[PDB]
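> So here's upload_36.txt, just compact mmCIF, N, CA and C atoms:
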# COMPACT_ATOMS: atom_id res chain seq x y z
N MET A 1 111.81 140.34 102.99
CA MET A 1 113.08 140.78 102.36
C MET A 1 114.08 141.15 103.44
N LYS A 2 113.60 141.28 104.67
CA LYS A 2 114.46 141.64 105.79
C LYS A 2 115.57 140.60 105.97
N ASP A 3 116.06 140.48 107.19
CA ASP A 3 117.12 139.53 107.48
C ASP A 3 116.77 138.12 106.95
N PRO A 4 117.71 137.42 106.34
CA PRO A 4 117.47 136.04 105.81
C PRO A 4 116.71 135.16 106.80
N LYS A 5 116.53 135.66 108.02
CA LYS A 5 115.82 134.92 109.05
C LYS A 5 114.36 134.70 108.66
N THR A 6 113.76 135.70 108.01
CA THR A 6 112.36 135.60 107.59
C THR A 6 112.26 135.38 106.08
N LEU A 7 113.29 135.79 105.34
CA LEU A 7 113.28 135.63 103.89
C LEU A 7 113.20 134.15 103.52
N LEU A 8 114.09 133.35 104.11
CA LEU A 8 114.12 131.93 103.82
C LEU A 8 112.85 131.24 104.33
N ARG A 9 112.05 131.98 105.10
CA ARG A 9 110.82 131.42 105.65
C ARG A 9 109.88 130.99 104.53
N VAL A 10 110.09 131.55 103.34
CA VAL A 10 109.25 131.21 102.20
C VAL A 10 109.13 129.70 102.05
N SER A 11 110.21 128.98 102.37
CA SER A 11 110.20 127.53 102.25
C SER A 11 109.15 126.89 103.16
N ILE A 12 109.19 127.24 104.45
CA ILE A 12 108.24 126.67 105.41
C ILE A 12 106.79 127.01 105.03
N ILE A 13 106.51 128.29 104.87
CA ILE A 13 105.16 128.72 104.52
C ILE A 13 104.77 128.21 103.13
N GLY A 14 105.72 128.27 102.20
CA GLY A 14 105.48 127.81 100.83
C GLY A 14 105.32 126.29 100.78
N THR A 15 106.14 125.60 101.57
CA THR A 15 106.10 124.14 101.62
C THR A 15 104.87 123.67 102.38
N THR A 16 104.27 124.58 103.13
CA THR A 16 103.08 124.25 103.91
C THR A 16 101.88 124.09 103.00
N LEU A 17 101.72 125.03 102.06
CA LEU A 17 100.60 124.98 101.14
C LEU A 17 100.73 123.80 100.18
N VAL A 18 101.94 123.61 99.65
CA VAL A 18 102.20 122.51 98.72
C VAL A 18 102.01 121.17 99.42
N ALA A 19 102.49 121.09 100.65
CA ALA A 19 102.38 119.85 101.41
C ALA A 19 100.91 119.50 101.62
N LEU A 20 100.17 120.43 102.19
CA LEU A 20 98.76 120.23 102.45
C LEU A 20 97.97 120.10 101.15
N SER A 21 98.38 120.85 100.13
CA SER A 21 97.69 120.81 98.85
C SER A 21 97.83 119.44 98.20
N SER A 22 98.97 118.80 98.43
CA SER A 22 99.23 117.47 97.85
C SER A 22 98.06 116.51 98.12
N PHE A 23 97.05 116.98 98.85
CA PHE A 23 95.88 116.16 99.17
C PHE A 23 94.61 116.80 98.60
N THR A 24 94.64 118.12 98.43
CA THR A 24 93.49 118.84 97.90
C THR A 24 92.91 118.15 96.63
N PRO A 25 93.75 117.75 95.66
CA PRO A 25 93.27 117.10 94.39
C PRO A 25 92.25 115.99 94.64
N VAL A 26 92.39 115.28 95.77
CA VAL A 26 91.47 114.19 96.09
C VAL A 26 90.01 114.66 95.93
N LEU A 27 89.69 115.82 96.48
CA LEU A 27 88.33 116.35 96.38
C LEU A 27 87.98 116.64 94.92
N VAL A 28 88.88 117.32 94.23
CA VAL A 28 88.66 117.66 92.83
C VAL A 28 88.56 116.39 91.99
N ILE A 29 89.45 115.44 92.26
CA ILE A 29 89.46 114.18 91.53
C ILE A 29 88.15 113.43 91.75
N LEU A 30 87.68 113.41 93.00
CA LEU A 30 86.44 112.70 93.32
C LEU A 30 85.33 113.15 92.38
N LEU A 31 85.28 114.45 92.10
CA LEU A 31 84.25 114.99 91.22
C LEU A 31 84.36 114.33 89.84
N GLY A 32 85.59 114.14 89.37
CA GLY A 32 85.80 113.51 88.08
C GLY A 32 85.51 112.01 88.16
N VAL A 33 85.85 111.41 89.29
CA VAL A 33 85.63 109.97 89.47
C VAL A 33 84.15 109.63 89.29
N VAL A 34 83.29 110.34 90.01
CA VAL A 34 81.85 110.11 89.91
C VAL A 34 81.35 110.50 88.52
N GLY A 35 81.87 111.60 88.00
CA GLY A 35 81.46 112.07 86.68
C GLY A 35 81.82 111.04 85.61
N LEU A 36 82.97 110.39 85.79
CA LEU A 36 83.42 109.39 84.84
C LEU A 36 82.48 108.18 84.85
N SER A 37 81.92 107.88 86.02
CA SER A 37 81.02 106.75 86.16
C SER A 37 79.85 106.87 85.18
N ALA A 38 79.50 108.10 84.85
CA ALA A 38 78.39 108.35 83.94
C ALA A 38 78.56 107.56 82.64
N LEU A 39 79.76 107.61 82.07
CA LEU A 39 80.04 106.90 80.82
C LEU A 39 80.01 105.38 81.01
N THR A 40 80.86 104.87 81.89
CA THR A 40 80.94 103.42 82.14
C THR A 40 79.76 102.94 82.99
N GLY A 41 79.50 103.62 84.10
CA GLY A 41 78.39 103.25 84.98
C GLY A 41 78.89 102.63 86.28
N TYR A 42 79.61 103.42 87.08
CA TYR A 42 80.14 102.94 88.37
C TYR A 42 79.34 103.53 89.53
N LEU A 43 78.20 104.15 89.22
CA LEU A 43 77.35 104.77 90.26
C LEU A 43 77.45 104.00 91.59
N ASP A 44 77.64 102.69 91.50
CA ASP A 44 77.75 101.85 92.69
C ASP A 44 79.08 102.10 93.42
N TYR A 45 80.16 102.22 92.65
CA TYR A 45 81.49 102.44 93.21
C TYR A 45 81.83 103.93 93.29
N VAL A 46 80.95 104.71 93.92
CA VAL A 46 81.17 106.16 94.06
C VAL A 46 81.08 106.57 95.53
N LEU A 47 80.13 105.98 96.25
CA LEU A 47 79.95 106.30 97.66
C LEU A 47 80.99 105.57 98.52
N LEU A 48 81.26 104.32 98.16
CA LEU A 48 82.23 103.51 98.90
C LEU A 48 83.63 104.17 98.87
N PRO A 49 84.19 104.39 97.70
CA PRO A 49 85.56 105.00 97.55
C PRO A 49 85.65 106.38 98.20
N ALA A 50 84.50 106.98 98.50
CA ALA A 50 84.47 108.29 99.12
C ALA A 50 85.07 108.22 100.53
N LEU A 51 84.88 107.08 101.18
CA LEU A 51 85.39 106.89 102.53
C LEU A 51 86.89 107.18 102.58
N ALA A 52 87.56 107.05 101.43
CA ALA A 52 88.99 107.31 101.37
C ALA A 52 89.32 108.69 101.92
N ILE A 53 88.41 109.64 101.71
CA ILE A 53 88.61 111.00 102.19
C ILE A 53 88.66 111.01 103.72
N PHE A 54 87.72 110.32 104.35
CA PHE A 54 87.67 110.25 105.80
C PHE A 54 88.91 109.54 106.34
N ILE A 55 89.26 108.43 105.71
CA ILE A 55 90.43 107.66 106.13
C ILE A 55 91.69 108.49 105.97
N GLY A 56 91.81 109.16 104.83
CA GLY A 56 92.97 110.00 104.56
C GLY A 56 93.00 111.20 105.50
N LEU A 57 91.82 111.68 105.88
CA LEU A 57 91.72 112.84 106.76
C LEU A 57 92.41 112.55 108.09
N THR A 58 92.22 111.34 108.61
CA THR A 58 92.83 110.97 109.88
C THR A 58 94.35 110.93 109.75
N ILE A 59 94.83 110.41 108.62
CA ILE A 59 96.26 110.32 108.39
C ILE A 59 96.89 111.70 108.22
N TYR A 60 96.30 112.50 107.34
CA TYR A 60 96.79 113.85 107.08
C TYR A 60 97.02 114.61 108.38
N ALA A 61 96.23 114.29 109.40
CA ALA A 61 96.37 114.96 110.70
C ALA A 61 97.80 114.86 111.21
N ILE A 62 98.46 113.74 110.93
CA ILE A 62 99.84 113.54 111.36
C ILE A 62 100.77 114.57 110.73
N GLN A 63 100.41 115.03 109.54
CA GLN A 63 101.22 116.01 108.84
C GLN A 63 101.22 117.34 109.59
N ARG A 64 100.05 117.72 110.10
CA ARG A 64 99.90 118.96 110.84
C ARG A 64 100.48 118.83 112.25
N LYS A 65 100.57 117.59 112.73
CA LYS A 65 101.05 117.35 114.08
C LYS A 65 102.35 118.12 114.35
N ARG A 66 103.31 118.04 113.43
CA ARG A 66 104.58 118.75 113.59
C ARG A 66 104.39 120.25 113.39
N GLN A 67 103.73 120.62 112.30
CA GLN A 67 103.50 122.02 111.99
C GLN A 67 102.84 122.72 113.17
N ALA A 68 102.04 121.97 113.92
CA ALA A 68 101.36 122.53 115.07
C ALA A 68 102.36 123.20 116.00
N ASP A 69 103.39 122.44 116.38
CA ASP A 69 104.43 122.96 117.26
C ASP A 69 105.29 123.97 116.51
N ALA A 70 105.66 123.63 115.28
CA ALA A 70 106.49 124.51 114.47
C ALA A 70 105.80 125.87 114.30
N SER A 71 104.48 125.86 114.27
CA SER A 71 103.71 127.09 114.11
C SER A 71 103.79 127.92 115.39
N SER A 72 103.73 127.25 116.54
CA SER A 72 103.78 127.94 117.82
C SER A 72 105.20 127.93 118.38
N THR A 73 105.60 126.81 118.98
CA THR A 73 106.94 126.68 119.54
C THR A 73 107.99 127.36 118.63
N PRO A 74 108.45 128.56 118.97
CA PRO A 74 109.47 129.30 118.16
C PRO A 74 110.80 128.54 118.03
N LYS A 75 110.73 127.21 118.03
CA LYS A 75 111.93 126.39 117.90
C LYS A 75 112.55 126.55 116.51
N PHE A 76 111.71 126.52 115.48
CA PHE A 76 112.19 126.64 114.11
C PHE A 76 112.96 127.95 113.91
N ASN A 77 112.36 129.06 114.32
CA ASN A 77 113.00 130.37 114.20
C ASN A 77 114.02 130.57 115.31
N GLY A 78 113.84 129.85 116.41
CA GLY A 78 114.75 129.96 117.55
C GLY A 78 116.17 129.56 117.16
N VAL A 79 116.28 128.61 116.24
CA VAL A 79 117.59 128.15 115.79
C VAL A 79 118.35 129.28 115.11
N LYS A 80 117.65 130.03 114.26
CA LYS A 80 118.27 131.14 113.54
C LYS A 80 118.95 132.09 114.52
N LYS A 81 118.29 132.37 115.64
CA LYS A 81 118.84 133.27 116.64
C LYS A 81 120.33 132.98 116.86
Rewrite the structure of this file - the entire thing - as structure tokens.

Amino acid sequence: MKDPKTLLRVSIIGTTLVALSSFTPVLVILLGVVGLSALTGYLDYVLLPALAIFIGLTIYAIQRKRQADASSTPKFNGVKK
């Protein structure tokens, strides 16, 4: 609530969870994907599609790449100064 310097920070921190979360569903969805196979019978197509998590994991890393510096390098807050 202090100077708008930290108040507006809600966006960065708030956008951080939403951004990273935009991938969390994959894990939750996977549970439903395999569970759904029970009815139709995709037991075969459950382990293969799982690799998507590993593949996506490498990509998601690029998302943190910037946040890494933004988290440390006081450049983001440095501008407010």
> So that I can check the surroundings of segment 62-77 of chain A, please list as a list in words every protein, DNA and RNA residue that reaches within 10 Å of it, counting only C-alpha atoms and ignoring chain neighbours fewer than 3 positions away.
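Neighbouring residues, sequence-local ones excluded: residues 5, 6, 9, 12, 13, 16, 19, 20, 57, 58, 59, 80 and 81 of chain A.
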> Measuring atom to atom with only C-alpha atoms, identify which of A:17, A:24, A:34, A:11 is nearest to residue 48 of chain A.
A:34
> Have a look at atom CA of residue 46 of chain A and atom CA of residue 60 of chain A and let me know their distance in Å, one decimal.
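Going from atom CA of residue 46 of chain A over to atom CA of residue 60 of chain A, I get 21.7 Å.
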> Work out how far apart atom CA of residue 27 of chain A and atom CA of residue 61 of chain A are and give it in Å to one decimal.
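Spanning atom CA of residue 27 of chain A to atom CA of residue 61 of chain A is a straight-line distance of 16.5 Å.
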> I'd like the interatomic distance between atom N of residue 79 of chain A and atom CA of residue 18 of chain A, to a tenth of an Å.
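Distance between the two atoms: 23.3 Å.
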> Could you model N, CA, C and O atoms for segment 43-62 of chain A and present them as an mmCIF file, in the coordinates of the input?

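Once everything was written out, this is out-v1.cif:
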data_model
loop_
_atom_site.group_PDB
_atom_site.id
_atom_site.type_symbol
_atom_site.label_atom_id
_atom_site.label_comp_id
_atom_site.auth_asym_id
_atom_site.auth_seq_id
_atom_site.Cartn_x
_atom_site.Cartn_y
_atom_site.Cartn_z
ATOM 1 N N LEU A 43 78.200 104.150 89.220
ATOM 2 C CA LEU A 43 77.350 104.770 90.260
ATOM 3 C C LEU A 43 77.450 104.000 91.590
ATOM 4 O O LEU A 43 77.347 104.592 92.661
ATOM 5 N N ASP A 44 77.640 102.690 91.500
ATOM 6 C CA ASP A 44 77.750 101.850 92.690
ATOM 7 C C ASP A 44 79.080 102.100 93.420
ATOM 8 O O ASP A 44 79.118 102.166 94.649
ATOM 9 N N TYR A 45 80.160 102.220 92.650
ATOM 10 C CA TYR A 45 81.490 102.440 93.210
ATOM 11 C C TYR A 45 81.830 103.930 93.290
ATOM 12 O O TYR A 45 82.859 104.369 92.780
ATOM 13 N N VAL A 46 80.950 104.710 93.920
ATOM 14 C CA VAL A 46 81.170 106.160 94.060
ATOM 15 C C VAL A 46 81.080 106.570 95.530
ATOM 16 O O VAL A 46 81.850 107.408 96.002
ATOM 17 N N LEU A 47 80.130 105.980 96.250
ATOM 18 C CA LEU A 47 79.950 106.300 97.660
ATOM 19 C C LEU A 47 80.990 105.570 98.520
ATOM 20 O O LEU A 47 81.523 106.120 99.479
ATOM 21 N N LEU A 48 81.260 104.320 98.160
ATOM 22 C CA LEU A 48 82.230 103.510 98.900
ATOM 23 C C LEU A 48 83.630 104.170 98.870
ATOM 24 O O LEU A 48 84.197 104.456 99.928
ATOM 25 N N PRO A 49 84.190 104.390 97.700
ATOM 26 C CA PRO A 49 85.560 105.000 97.550
ATOM 27 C C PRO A 49 85.650 106.380 98.200
ATOM 28 O O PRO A 49 86.745 106.894 98.434
ATOM 29 N N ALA A 50 84.500 106.980 98.500
ATOM 30 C CA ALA A 50 84.470 108.290 99.120
ATOM 31 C C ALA A 50 85.070 108.220 100.530
ATOM 32 O O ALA A 50 85.687 109.179 101.000
ATOM 33 N N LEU A 51 84.880 107.080 101.180
ATOM 34 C CA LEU A 51 85.390 106.890 102.530
ATOM 35 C C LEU A 51 86.890 107.180 102.580
ATOM 36 O O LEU A 51 87.431 107.514 103.632
ATOM 37 N N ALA A 52 87.560 107.050 101.430
ATOM 38 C CA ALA A 52 88.990 107.310 101.370
ATOM 39 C C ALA A 52 89.320 108.690 101.920
ATOM 40 O O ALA A 52 90.365 108.891 102.536
ATOM 41 N N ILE A 53 88.410 109.640 101.710
ATOM 42 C CA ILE A 53 88.610 111.000 102.190
ATOM 43 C C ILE A 53 88.660 111.010 103.720
ATOM 44 O O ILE A 53 89.537 111.638 104.312
ATOM 45 N N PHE A 54 87.720 110.320 104.350
ATOM 46 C CA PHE A 54 87.670 110.250 105.800
ATOM 47 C C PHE A 54 88.910 109.540 106.340
ATOM 48 O O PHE A 54 89.521 109.991 107.305
ATOM 49 N N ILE A 55 89.260 108.430 105.710
ATOM 50 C CA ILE A 55 90.430 107.660 106.130
ATOM 51 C C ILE A 55 91.690 108.490 105.970
ATOM 52 O O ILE A 55 92.546 108.524 106.860
ATOM 53 N N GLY A 56 91.810 109.160 104.830
ATOM 54 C CA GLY A 56 92.970 110.000 104.560
ATOM 55 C C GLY A 56 93.000 111.200 105.500
ATOM 56 O O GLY A 56 94.069 111.690 105.862
ATOM 57 N N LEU A 57 91.820 111.680 105.880
ATOM 58 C CA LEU A 57 91.720 112.840 106.760
ATOM 59 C C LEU A 57 92.410 112.550 108.090
ATOM 60 O O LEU A 57 93.097 113.410 108.638
ATOM 61 N N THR A 58 92.220 111.340 108.610
ATOM 62 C CA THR A 58 92.830 110.970 109.880
ATOM 63 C C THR A 58 94.350 110.930 109.750
ATOM 64 O O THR A 58 95.072 111.344 110.655
ATOM 65 N N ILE A 59 94.830 110.410 108.620
ATOM 66 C CA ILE A 59 96.260 110.320 108.390
ATOM 67 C C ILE A 59 96.890 111.700 108.220
ATOM 68 O O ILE A 59 97.882 112.025 108.863
ATOM 69 N N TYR A 60 96.300 112.500 107.340
ATOM 70 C CA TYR A 60 96.790 113.850 107.080
ATOM 71 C C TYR A 60 97.020 114.610 108.380
ATOM 72 O O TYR A 60 97.889 115.480 108.456
ATOM 73 N N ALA A 61 96.230 114.290 109.400
ATOM 74 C CA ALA A 61 96.370 114.960 110.700
ATOM 75 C C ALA A 61 97.800 114.860 111.210
ATOM 76 O O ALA A 61 98.302 115.788 111.855
ATOM 77 N N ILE A 62 98.460 113.740 110.930
ATOM 78 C CA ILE A 62 99.840 113.540 111.360
ATOM 79 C C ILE A 62 100.770 114.570 110.730
ATOM 80 O O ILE A 62 101.796 114.942 111.309
#
